[PDB]
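Asks: Below you'll find the sequence and an experimental structure to go with it.
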Amino acid sequence: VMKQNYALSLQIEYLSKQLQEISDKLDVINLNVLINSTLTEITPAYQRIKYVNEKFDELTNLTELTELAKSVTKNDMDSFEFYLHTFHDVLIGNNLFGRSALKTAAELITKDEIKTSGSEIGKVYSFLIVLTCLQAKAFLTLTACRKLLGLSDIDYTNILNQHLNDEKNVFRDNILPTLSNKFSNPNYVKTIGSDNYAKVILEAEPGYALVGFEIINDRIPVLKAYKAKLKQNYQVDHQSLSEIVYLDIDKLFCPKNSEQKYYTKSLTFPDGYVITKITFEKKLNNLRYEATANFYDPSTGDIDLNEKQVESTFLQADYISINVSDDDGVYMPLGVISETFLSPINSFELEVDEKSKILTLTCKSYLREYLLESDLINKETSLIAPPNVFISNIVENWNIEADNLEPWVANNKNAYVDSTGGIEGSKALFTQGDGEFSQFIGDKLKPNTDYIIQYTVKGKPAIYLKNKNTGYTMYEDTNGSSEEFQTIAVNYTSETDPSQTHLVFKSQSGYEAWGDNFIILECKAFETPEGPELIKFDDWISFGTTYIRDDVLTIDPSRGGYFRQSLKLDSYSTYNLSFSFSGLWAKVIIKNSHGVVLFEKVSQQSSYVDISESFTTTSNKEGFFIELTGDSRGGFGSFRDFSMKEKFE
Amino acid sequence: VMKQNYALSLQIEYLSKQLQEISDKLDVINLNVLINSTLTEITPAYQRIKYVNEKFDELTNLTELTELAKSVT
């Protein structure tokens, strides 16, 4: 009876879940009904405005254009001004039942199952900007039509400004203090990393601050991070934009075969602070990150270095583990992880879900304050869209889209530019025979620095990165007879102060070749540190009767003879202690003057039994001991070859 | 057993509350549907009447006013 009652409880819980799903479906249906309510009032005016704007685009064919202008400028019951007024009233909410279209559109955009670019504020503001630009284009079209007909000029600036101000005020007063300023990655992709050290330092200059990140799933993953100055009211300076590129994204967010520990903590900061440094460090299957934020003054716009808070996850014990096998994989973040418009970041987070093995980089932005103080008070605004393409590359005209290609020079007429070739039709460089294209890139080529030589080609290309003089080729592009365009991202490291190196593009003898999208980025990937040497044969403090000979330091049993050497450990680290004892009951204990023992290995009979075990350090680096001691009373100790190096870092 | 039966009764009461909320949401949806039924018939005439009333307000510019009056009449 108890078992069947429990089963009934489970069935009731299932019914409750079904009821919750039904309620969500009802909410969706009601939202769609409100959408229909908006559409049945807004469809014809919007359609006509869009058609008129599309038609009158060439001037901002004479007979039809004049006829259309006369039809639009005609002042009748059903006129273009009438449709503009109806559109404005519908957006404001001056309809029969006093329901505004802006609220319904904001509800539809917010309550959408698909996440595309960022927070709700960005998308709603983008929709409002699209509507306002459509209205402005319609008013400009009407003014141009009136000018073309040679009719009396009517100043439509006043009515257009009134409409835009009313719409912006309605938005700000009604639907602005309801939206959330939280944005996350739009997409997820399976990836298998490596169980090796990977440190990423997304730092910035003292006058700079991070304004967003971007992850692109290519042959080599990237971590494009945007940093720029702040002018006033959290505005991002366009001229100061800069990018940081990393390549170990897969090796950082995914384990190979030996688990990974994720230390999650919402790094929220108080209002007025802007994140200026994000550092990741996966020592050994343990991802821990910290954030550095500096105080920002909206009135002036100075990122002061005197006030600085740090929200670090390095000194916590709680963690989340994700087991990854060959069958499955953890969904690393993939997409443009930033606001719809570049803005300083307030909080950073790394959410981990064990059920689905997904990672989300939820963050926050100061877009609301900038919108309030720059655009919604009838001031002048300037928002920056995220860079969809690399702009830190040292290859001028990376994709051939503009004419008069000066950086690229052709040796002769065999090689030319093919408009049809390349990505869609972006005027790819075509090489057929001995002809080739060249471009000097030694001006921006920093000595002994890493570089990315990602490019896209078709046919039989050859992009040998030679030094012009002496014919020294620093890169090889042998083979590669693939037909369809594909990425050829290959890591590269520059030599010592070359200062003379030009990138050339040519086709191998015989087959032809097409080339486009030549980008050379500046990566700053790090490497595993060698490790410290905490224990050394220089500070072996001895007590009692001790006999140190060569490197065979002995321990005297049954008396006070014992060695000791304090060492500086870390909070969370792993150390490999290698030694070789040769004494009866000879042990190397690690005390902390409190009874806590971190390592204990005792010899049994004799001989130098080499032991290379490892131990952790818990969460207290108050200073430990490497004391050599023998609890026996007979055979003297004999310890040789001491070494304790931290694992990886 | 008595305690778990009481818990089941509480869960059933919660389900009844959820059903009542669902019924209220259905009533709201039906009201919105009737609102759409009214709007799909009343929107254009109301919009045009409001626009005409807003336009002819100064008299209760001669050329456009006369053209609009001819169009209306």
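Replies: Good, I have the coordinates. Numbers count the residues shown, from 1 in each chain, chains lettered A, B, ... in the order given.

Asks: residues contacting the closest residue to chain B within the stretch 151-300 of chain A?
Replies: Closest to chain B within the stretch 151-300 of chain A is residue A:152: 8.0 Å, counting by C-beta to the nearest C-beta. Every residue, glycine included, has its C-beta placed from N, CA and C. Residue A:152 is in contact with A:146, B:63, counting by C-beta atoms under 8 Å, 6 or more residues apart in numbering or on different chains.

Asks: of all the residues in the stretch 101-250 of chain A, which ones are close to chain B?
Replies: residue A:152 (C-beta under 8 Å from any C-beta of the partner chain).

Asks: where exactly do the helices run in the stretch 101-250 of chain A?
Replies: Using DSSP state H, counting those that start in this stretch, the helices found in the stretch 101-250 of chain A span residues A:101-110, A:120-148, A:157-174, A:249-253.

Asks: Relative to residue B:61, how far out is the residue of the stretch 151-300 of chain A closest to chain B?
Replies: Residue A:152 sits 10 Å away from residue B:61, going by C-beta to C-beta, to the nearest Å.

Asks: go on, residue A:229?
Replies: 52 Å.

Asks: about what we covered before: give me the phi and psi for the residue of the stretch 151-300 of chain A closest to chain B.
Replies: With angles defined as degrees, to the nearest 10, residue A:152 sits at phi -60, psi 130.

Asks: Could you count how many residues lie near the residue of the stretch 401-550 of chain A found nearest chain B?
Replies: Relative to chain B, the nearest point of the stretch 401-550 of chain A is residue A:424 (42.7 Å; C-beta to the nearest C-beta). By other C-beta atoms under 10 Å in any protein chain shown, 8 other residues sit near residue A:424.

Asks: go on, residue A:375?
Replies: 18.

Asks: Could you report the neighbour count for the closest residue to it other than its chain neighbours?
Replies: Counting by C-beta to C-beta, 6 or more residues apart in numbering or on different chains, residue A:375 lies nearest to residue A:381, which is 3.7 Å off, once chain neighbours are set aside. Here the count is done by other C-beta under 10 Å, and residue A:381 has 15 residues near it.

Asks: Please list all residues in contact with residue A:381.
Replies: A:370-371, A:374-375.

Asks: Likewise for residue A:399?
Replies: Counting by C-beta under 8 Å, 6+ apart, residue A:399 touches A:389, A:422-423, A:426, A:516-518.

Asks: can you pull out the helices in chain A?
Replies: Here chain A has its helices, by DSSP state H, at A:2-55, A:62-73, A:80-92, A:101-110, A:120-148, A:157-174, A:249-253, A:367-374.

Asks: Present those helices as CSV; the columns should include mean neighbour count.
Replies: What follows is these, written out as CSV (neighbours: other C-beta atoms under 10 Å in any protein chain shown):
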stretch, mean neighbour count
helix A:2-55, 15
helix A:62-73, 14
helix A:80-92, 21
helix A:101-110, 19
helix A:120-148, 19
helix A:157-174, 16
helix A:249-253, 23
helix A:367-374, 20
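
Asks: Geometric centre of chain A: which residue is closest?
Replies: By C-alpha atoms, centre = their mean, the mean C-alpha position of chain A lies nearest to residue A:213, the distance being 3.1 Å.

Asks: does that residue really touch residue A:227, like I thought?
Replies: No: with contact defined as C-beta atoms under 8 Å, residue A:213 does not count as touching residue A:227 (10.2 Å).

Asks: Excluding chain neighbours, what is closest to residue A:469?
Replies: Closest residue to residue A:469 apart from its sequence neighbours, by C-beta to C-beta, 6+ apart: residue A:500 at 6.1 Å.

Asks: Which residues are in contact with the one residue in chain A that gets nearest to chain B?
Replies: Here chain A gets closest to chain B at one residue, residue A:76, 3.7 Å apart by C-beta to the nearest C-beta. The neighbours of residue A:76, taking C-beta under 8 Å, 6+ apart as the test, are B:67-68, B:71.

Asks: Show me what the closest residue to residue A:287 other than its chain neighbours bridges to in the sheet.
Replies: Spatially, and ignoring its direct neighbours in sequence, residue A:287 is nearest to residue A:262 (5.2 Å; C-beta to C-beta, 6+ apart). Under DSSP bridges, the beta-bridge partners of residue A:262 are residue A:287, residue A:320.

Asks: which residues touch residue A:262?
Replies: A:287, A:319-322, A:350, A:352.

Asks: One more pass at 7 Å, please.
Replies: Residues near residue A:262 by C-beta atoms under 7 Å, 6 or more residues apart in numbering or on different chains: A:287, A:319-320, A:322, A:352.

Asks: Please apply the same query to residue A:144.
Replies: Shown in contact with residue A:144 (C-beta under 7 Å, 6+ apart): A:56, A:59-60.

Asks: So which of those wins on neighbours?
Replies: Greatest neighbour count in the contacts of residue A:144, by other C-beta under 10 Å, goes to residue A:56: 21 neighbours.

Asks: Give me the spatial nearest neighbour of that residue, chain neighbours excluded.
Replies: Leaving aside its sequence neighbours, residue A:56 sits nearest to residue A:141 (C-beta to C-beta, 6+ apart; 4.4 Å).

Asks: Is that neighbour in contact with residue A:50, as I believe?
Replies: No: at 10.9 Å, residue A:141 does not count as touching residue A:50 under the criterion of C-beta atoms under 7 Å.

Asks: Once you drop chain neighbours, what's closest to residue A:22?
Replies: Closest residue to residue A:22 apart from its sequence neighbours, by C-beta to C-beta, 6+ apart: residue B:22 at 6.2 Å.

Asks: I'd say residue A:167 and residue A:89 touch.
Replies: No: assessed by C-beta under 7 Å, residue A:167 is found out of contact with residue A:89, at 10.9 Å.

Asks: returning to what we had before: from memory the residue nearest to the centre of chain A sits against residue A:338, does it?
Replies: Yes: counting by C-beta under 7 Å, residue A:338 is a contact partner of residue A:213 at 6.1 Å.

Asks: ok so, going back, give me the PyMOL select line for the contacts of residue A:262, limited to the buried ones.
Replies: Here is the PyMOL command that selects the buried residues among the contacts of residue A:262 (16 or more other C-beta atoms under 10 Å in any protein chain shown):
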select buried, chain A and resi 287+322+352
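
Asks: Going along the chain, name the strands of the stretch 351-500 of chain A.
Replies: With strands called from DSSP state E, counting those that start in this stretch, the stretch 351-500 of chain A shows them at A:351-353, A:358-360, A:363-365, A:409-410, A:416-418, A:428-431, A:436-440, A:450-452, A:456-459, A:461-462, A:465-466, A:486-487, A:491-493.

Asks: which parts of the longest one are buried?
Replies: Taking 16+ other C-beta under 10 Å as the basis for neighbour counts, the residues of strand A:436-440 that come out buried are A:436-439.

Asks: helices or strands up against it?
Replies: When contacts are defined as 3 or more C-beta pairs under 7 Å, 6 or more residues apart in numbering or on different chains; DSSP states H and E, strand A:436-440 packs onto strand A:409-410, strand A:502-507.

Asks: then it to PDB, C-alphas only?
Replies: Extracted in PDB, the C-alpha atoms of strand A:436-440 (Å, rounded to 0.1, in the frame of the first residue of the first chain):
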ATOM      1  CA  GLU A 436      51.400  35.900 -58.700                       C
ATOM      2  CA  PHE A 437      50.200  38.500 -56.200                       C
ATOM      3  CA  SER A 438      52.500  39.900 -53.400                       C
ATOM      4  CA  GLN A 439      52.100  42.300 -50.500                       C
ATOM      5  CA  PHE A 440      54.800  43.500 -48.100                       C
END
